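Written out below as structure tokens is the structure these notes cover.
Order of the sequence lines sets the chain letters (A, B, ...), proteins ahead of strands, with each chain counted from 1. One-based numbering, in listed order, for ligands and for the atoms of each.
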Number of protein chains: 2
Amino acid sequence: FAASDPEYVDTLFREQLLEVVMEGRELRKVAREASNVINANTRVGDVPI
Amino acid sequence: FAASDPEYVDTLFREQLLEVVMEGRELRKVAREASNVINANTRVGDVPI
Ligand SMILES: [Mg+2]
Ligand SMILES: [Mg+2]
């Protein structure tokens with residue numbers, strides 16, 4: 001009509017894109033504190049009971 | 001196939017045994033506290049009442 005943003009929104013500037021990317025859902029990670037951790041030397045093995 | 005651990009599990013290494021053997025259920029030990037204990041001088045004896 002006059003020059004206005006809604007008309008020229010891709011022609012005379014680009015929309016701002018915020019430089020920070022916003023995180024998704026973050027799961028609770030507890031196994032390493034909540035159990036005994038065996039760093040095994042082999043992929044298969046046994047523990048004596 | 002091409003050399004993979006699931007075909008040579010007892011051919012090119014042994015499976016790990018964990019050196020820690022792991023306990024069965026332990027029962028609750030209380031009788032020596034929960035009772036008057038007589039260290040007897042004889043196998044058979046009497047307490048007077
Ligand atoms: Mg086994
Ligand atoms: Mg008697």
*Out of curiosity, does B:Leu17 fall in the hydrophobic cluster containing A:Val47 (side-chain heavy atoms, cut-off under 4.5 Å, transitive links)?*
no
*With the Mg ion (ligand 2) as the centre, enumerate protein N/O/S atoms below 2.8 Å in chain and residue order.*
B:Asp46 OD1
*What residues, two or more places apart in sequence or in another chain, satisfy side chain to side chain contact (heavy atoms under 4.5 Å, CB included) together with A:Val20?*
A:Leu18, A:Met22
*Mind checking what makes side-chain hydrogen bond (donor to acceptor under 3.5 Å, both in side chains) contact with A:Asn41, not counting sequence neighbours?*
none
*May I ask you to decide whether B:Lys29 forms a salt bridge with B:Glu26, counting only side-chain N to carboxylate O separations under 4.0 Å?*
no
*asked:* Need the atom name: nearest N/O/S atom of B:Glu15 to the Mg ion (ligand 1).
replied: OE1
*Among side-chain atoms of B:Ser4 and B:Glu7, is any donor-acceptor pair under 3.5 angstrom?*
no
*Partners of A:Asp5 by salt bridge (charged side-chain N to carboxylate O under 4.0 Å, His left out), sequence neighbours excluded?*
none
